[PDB]
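# Chain and residue survey
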Number of protein chains: 2
Amino acid sequence: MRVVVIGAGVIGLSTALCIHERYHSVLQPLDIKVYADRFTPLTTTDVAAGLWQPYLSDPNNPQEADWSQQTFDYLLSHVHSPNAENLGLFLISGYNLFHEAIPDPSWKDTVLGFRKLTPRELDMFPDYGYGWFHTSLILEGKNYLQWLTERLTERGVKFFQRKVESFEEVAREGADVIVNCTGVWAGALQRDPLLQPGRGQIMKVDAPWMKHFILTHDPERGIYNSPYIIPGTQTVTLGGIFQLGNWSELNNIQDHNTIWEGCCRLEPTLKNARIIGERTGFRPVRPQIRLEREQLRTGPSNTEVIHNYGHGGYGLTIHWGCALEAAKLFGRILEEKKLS
Amino acid sequence: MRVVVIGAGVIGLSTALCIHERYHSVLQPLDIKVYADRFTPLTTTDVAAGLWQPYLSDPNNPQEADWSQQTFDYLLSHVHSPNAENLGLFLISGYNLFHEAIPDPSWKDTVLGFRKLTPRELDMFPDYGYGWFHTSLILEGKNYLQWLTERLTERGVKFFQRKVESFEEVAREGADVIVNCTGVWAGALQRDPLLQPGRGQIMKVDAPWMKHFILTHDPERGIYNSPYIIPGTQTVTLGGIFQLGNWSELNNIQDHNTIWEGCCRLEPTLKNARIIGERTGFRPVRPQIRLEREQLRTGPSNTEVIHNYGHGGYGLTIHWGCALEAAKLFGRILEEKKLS
Ligand SMILES: Cc1cc2nc3c(=O)[nH]c(=O)nc-3n(C[C@H](O)[C@H](O)[C@H](O)COP(=O)(O)OP(=O)(O)OC[C@H]3O[C@@H](n4cnc5c(N)ncnc54)[C@H](O)[C@@H]3O)c2cc1C
Ligand SMILES: Cc1cc2nc3c(=O)[nH]c(=O)nc-3n(C[C@H](O)[C@H](O)[C@H](O)COP(=O)(O)OP(=O)(O)OC[C@H]3O[C@@H](n4cnc5c(N)ncnc54)[C@H](O)[C@@H]3O)c2cc1C
């Protein structure tokens, strides 16, 4: 079999790797290609801070809940391992803040040592009245992409820097199975109106002492529009911007100020911090992760599609569970092509 | 009314700073001046990471528990302060790891959100079977001294670098009150058998993805002789050395390997971090911290001396509670020339 994986981002490569390993033995000519328009230092997966944390409420798909959990376990089972450094993986604890009470999550047991905030801690953040504290994981995308690649290279997966214009284009030229892991730009390959870019702008600042992450939440501002502070590895991440259908990949001076003024008030130790950089990204926002098969129709023979897009603000967080599901379905494509 | 402080350690500098900040207004002739043999970077303080954590067992003079409490409350009310970054202050969470079940401390209700560890967390550390988790503070010496330095210099205080040979020597030139902060080298000023140095070595290393502290305990080989990893502000601190009566102030090759071999087994990710510095200090070990007031005999009439030394491996932890008692003691003296 010949396999083509469009998309060289976290979703795309995790899959390519996870499809390889699993069916490397039970398939003679398993030849995986990756096509993509922007590689590892230039994707939406790079803009992400990579903090493990799914939506605050149940998604339409509870098949999703298990997925983010699946990633977390795999990740934590490799935090205290040599690779972890190359992976951009490590533990990180922090505050989740609200303006009022609110039910627990779902990942409640998934995350490590989940517990409610205490009065005495709340004091440190005047503007808020209720919140949480727990231990999670950060999977930095720049080290993850880099690692996944080297992993995929030794496996023999080749990479090509081409903008696919159509599944047919690839089918018609030899593709047996096509994995669409093309995120927020999946639209151009197949009109999807439920897939919108929730615009993200962030700030990378040098403030080492920051050791705890601080996501806040206010209903009037909106999902990921409430300020957050995620100390990464070599720098700490300011951010808190969410804007649907704003395909504007460019830093906004007015956003800058709402991130700055916003996070400062949260932790004024920040005011005399240092701005290393400012970046913009698009959360592939969609009601529920598109993870399913499709039957594209051509000249002679029909070719399968495995769609893997729309993870929005929780890409890194749910990546594996999905990349490991997509492989699941890929084995179903083989049983059907009768091979075994 | 001349005051002479000897020792520009955390104890010296902090005490010398309350005596002023809290009396400069009530004494037209208030003269504070500190003498020291070793300044800013060459004190024991400098070798300390500065993690606020007393001893597991209760303090001997039950007043100390109260002083630590005072420290963590003055520190915690300034964690988000305009100066928090200067003082070298920041919150930080982490693990204690015991081999067996072991009673709670007593400061449990003074740190931020104490609690036992779940078994999934104990899976991070195979060698161990039981532990604690909580948020705390780090007061880096290298910067906490430099802070107190400037606060003092603008407050009129003067620093002179000289190796005081005797108490008389100071009295002779007109020391009305002498506040002794000599710490470990206190012995050679007024013989003390109970004040011993527990020599300590550490290792500063480059591993930014460290976010929690990991203090292991191993009663096998006594106090502090178990690895620990305290992430600093610029660099992470390895270590786990307690050696009583060792006045050797030079790094040891077998200590280096103990610091390394031993720390890595805890956090294997460390097996790759770059080594930045190795230093050595002496913990002012003494059955119970010498904070009192003695009437020092000097020829004709007297010259007052306040003792404040022997703060074990928890100088920083309790530094403040003392600097505030000692000024209280500087009050009782000031009320015996019978002044309002
Ligand atoms: C500010 C911000 C903060 C975030 N923080 C977090 C966080 O803390 N935790 C978290 O889990 N997630 C976070 N995310 C989001 C997360 O990073 C993404 O959801 C995850 O990267 C989606 O994987 P992906 O879709 O980005 O793969 P992508 O990066 O979208 O893959 C894109 C690649 O596919 C290629 N491609 C697309 N279409 C075609 C085509 N037609 N032909 C050829 N190639 C094509 C593109 O050229 C591109 O190179 C954040 C996002 C933003 C914007
Ligand atoms: C390896 C190590 C790790 C540690 N980690 C921690 C930690 O995480 N948290 C914590 O709280 N504590 C820690 N400590 C210990 C803690 O830092 C010390 O207890 C605290 O620094 C004591 O303040 P001090 O008494 O040393 O002031 P000092 O450093 O004792 O003041 C010393 C100064 O006084 C001068 N002096 C003394 N006698 C005279 C004299 N006769 N004339 C003139 N000058 C004189 C000296 O020359 C010197 O300049 C650690 C210690 C070590 C060794």
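Residues numbered from 1 in each chain as written, not as in the entry; some residues may be left out. Chains lettered and ligands numbered in written order. Heavy atoms only, no water.

What the entry reports as its method is X-ray crystallography, with 3.20 Å given for the resolution.

### Examining the UniProt feature "binding site: D-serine" in chain A
Residues and elements named next belong to chain A. What counts, and what does not: UniProt positions are given in the numbering used here, feature names are shortened, and annotations may be inferred rather than shown by experiment. Secondary structure elements follow DSSP: runs of H or I of four or more residues count as helices, runs of E of two or more count as strands, with numbering from the N terminus. Contacts between residues were defined by any pair of non-hydrogen atoms, one from each residue, lying within 4.5 Å. The cut-offs for exposure are 20% and 50% of the maximum accessible area for each residue type, with area from a 1.4 Å probe on protein chains only; residues under the lower value are buried, those over the upper are exposed, and the others partly exposed. Two N or O atoms count as a polar contact when they lie within 3.5 Å, although within protein this holds only if one can serve as hydrogen donor and the other as acceptor, and sequence-adjacent residues are included solely when both atoms are side-chain atoms.
As recorded in UniProt, the feature "binding site: D-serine" lies at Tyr224, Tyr228, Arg283 and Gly313. Relative to the helices and strands, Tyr228 is located in strand 10 (residues 228-231). Other than its neighbours up to four places away in sequence, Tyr228 contacts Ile202, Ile214, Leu215, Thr237, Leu238, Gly239, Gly240, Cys263 and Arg283. Classification of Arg283 by relative accessible area gives buried; the value is 13%. Contacts of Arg283, omitting those with residues within four sequence positions, involve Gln196, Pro197, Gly198, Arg199, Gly200, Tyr224, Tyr228, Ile241, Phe242, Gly312 and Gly313. A distance of 3.0 Å separates the side chain of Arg283 from the backbone oxygen of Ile241, its partner in a polar contact.

### A short note on the sheet that holds strand 8 (residues 196-206) of chain A
Residues and elements named next belong to chain A. The cut-off we apply is this: Strands qualify as paired when DSSP identifies two bridges or more between them. Between the N-to-C directions of two axes lies an angle of 0 to 180 degrees, each axis being a line fitted to C-alpha atoms and, for a helix, fitted only over the stretch in contact.
Sheet architecture is open: four strands sit in the order 10-11-8-12, paired in antiparallel fashion. Every interior strand has two partners, whereas the edge strands, strand 10 and strand 12 (274-285), have only one. Within the sheet, the average angular offset between the axes of one strand and its neighbour, ignoring direction, is 25°. Sheet topology places strand 8 next to strand 11 (residues 236-239); four bridges connect them, and they run antiparallel. Across the sheet, residue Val205 finds its bridge partner in strand 11, namely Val236.

### A few points about helix 3 (residues 62-76) of chain A
Residue and element names in this part refer to chain A. Here is the rule: The span expected for a helix works out to 1.5 Å for each residue beyond the first.
In this model helix 3 runs 22 Å from its N-terminal to its C-terminal C-alpha over 15 residues, within 8% of the 21 Å that 1.5 Å per residue would give. Every buried residue belonging to helix 3 is among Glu64, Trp67, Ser68, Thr71, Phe72, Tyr74, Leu75 and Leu76, and all of these are buried. You can read the cap of helix 3 off the contacts: a side-chain oxygen lies 3.4 Å from the backbone nitrogen of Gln63, and it is on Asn61.

### Some points on unusual backbone geometry
Residue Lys338 of chain A is not a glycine yet carries a positive backbone phi of 65°. Its location among the elements puts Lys338 of chain A in the segment after helix 9 (315-336). You will see that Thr40 of chain B, though not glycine, has its phi angle at about 25°, which is positive. The topology assignment puts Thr40 of chain B in the loop between strand 2 (31-36) and helix 2 (44-47).

### Comments concerning the packing of aromatic side chains
Using the following cut-off: Paired rings are identified among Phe, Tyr and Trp, the last through its six-membered ring, by centres lying within 6.5 Å, and are further divided according to the angle between planes into stacked (under 30 degrees), edge-to-face (over 60) and tilted (the rest). Only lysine NZ and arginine CZ atoms are considered, and such an atom sits over a ring when it is within 6 Å of the ring centre and within 35 degrees of the ring normal.
Tallying each qualifying case throughout the model produces 35 aromatic pairs over all chains. Ring geometry for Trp52 of chain A and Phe72 of chain A: centres 4.8 Å apart, planes at 65°, overall edge-to-face. Taken together, the positions of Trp52 of chain A in the loop between helix 2 (44-47) and helix 3 and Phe72 of chain A in helix 3 put the pair 20 residues apart, joining distant regions of the chain. Accessibility assignment for this pair places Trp52 of chain A and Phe72 of chain A in one class, buried. Grouping aromatic residues by their ring pairs yields a cluster made of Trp52, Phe72, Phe98, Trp107, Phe114, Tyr130 and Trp132 of chain B. In this structure, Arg286 of chain A packs its charged tip against the face of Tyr309 of chain A, placed 5.7 Å from the ring centre.

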